[PDB]
Each structure stands twice: as structure tokens, then as C-alpha cells.
Amino acid sequence: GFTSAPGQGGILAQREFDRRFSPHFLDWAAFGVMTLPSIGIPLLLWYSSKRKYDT
Amino acid sequence: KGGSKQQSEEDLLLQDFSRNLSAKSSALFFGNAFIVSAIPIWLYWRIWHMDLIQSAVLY
């Protein structure tokens with residue numbers, strides 16, 4: 001006798017599977033660093049405002 | 001020419017305390033307003049998967 005046949009199945013290429021599901025962490029760190037200047041430089045200037053003459 | 005000496009007397013009287021938060025009170029408003037607009041972008045990015053570069057002009 002023959003067992004049940006799952007039929008034709010599509011094996012996802014490792015590259016395609018990674019592109020569809022891989023986690024981005026090093027790009028996430030790099031992105032974050034890239035945004036850091038335009039967001040923080042005004043933030044540091046604002047703290048300079050706090051700390052020179054609002055006390 | 002006198003106005004110089006009256007303003008010298010006035011800012012000497014200020015120098016008695018000389019806190020002068022006038023400008024930076026504003027400067028802090030402007031800078032922290034920039035920060036408050038900036039803070040949503042980083043939270044949005046990871047959760048909404050919105051590339052910073054594509055929306056950088058919009059941001």
C-alpha cells in the first residue's frame with residue numbers, strides 16, 4: 001500500500017525566505033544612528049537652553 | 001550717548017541677580033518643541049516599518 005501524498009510543494013529559496021522573514025537589527029542600529037544627529041543636536045541645544053539660564 | 005549709561009545702570013541692577021532666563025526660556029521652548037516633533041518618528045519607524053529616508057523630506 002501507499003501512504004498519503006502531500007502533493008507538489010514549493011520549497012522557498014533560503015534567500016527569498018530571509019528576504020521575507022529575516023530580522024533587521026544591524027540596519028536598525030545603523031538607521032537609528034543616522035537619525036541620531038538631526039534629532040539629538042536640536043535636543044542637546046535645547047538642554048543647553050535648560051542649563052545655561054533657566055535656573 | 002546717555003542711553004548707554006542708563007542701560008548700563010539697568011543691566012547692573014539686573015546683574016545684582018542676573019538670572020536672565022528671557023532668551024533661553026524661549027530657546028528651550030524652541031529646542032524641546034523640535035524634540036517633541038522628533039520623538040514620534042523613531043517609535044513609528046520600527047513598529048510601522050516606515051523607512052526614515054523615504055519620509056525624511058515629509059518628516
# chains A, B, ... in the order shown; residues from 1 in each chain; ligands from 1
>>> interface_residues(of="chain B", to="chain A", cutoff="10 Å", atoms="only C-alpha atoms", output="JSON, numbers by chain")
{"B": [18, 19, 20, 21, 22, 23, 24, 25, 26, 27, 28, 29, 30, 31, 32, 33, 34, 35, 36, 37, 38, 39, 41, 42, 45, 46, 51, 52, 53, 56]}
>>> select_by_dssp(residues="chain B", states="alpha helix (DSSP H)", output="ChimeraX atom specification")
/B:2-15,22-48
>>> atom_distance(atom1="atom CA of residue B:54", atom2="atom CA of residue A:14")
27.8 Å
>>> atom_distance(atom1="atom CA of residue B:40", atom2="atom CA of residue B:59")
10.1 Å
>>> atom_distance(atom1="atom CA of residue B:50", atom2="atom CA of residue A:23")
15.0 Å
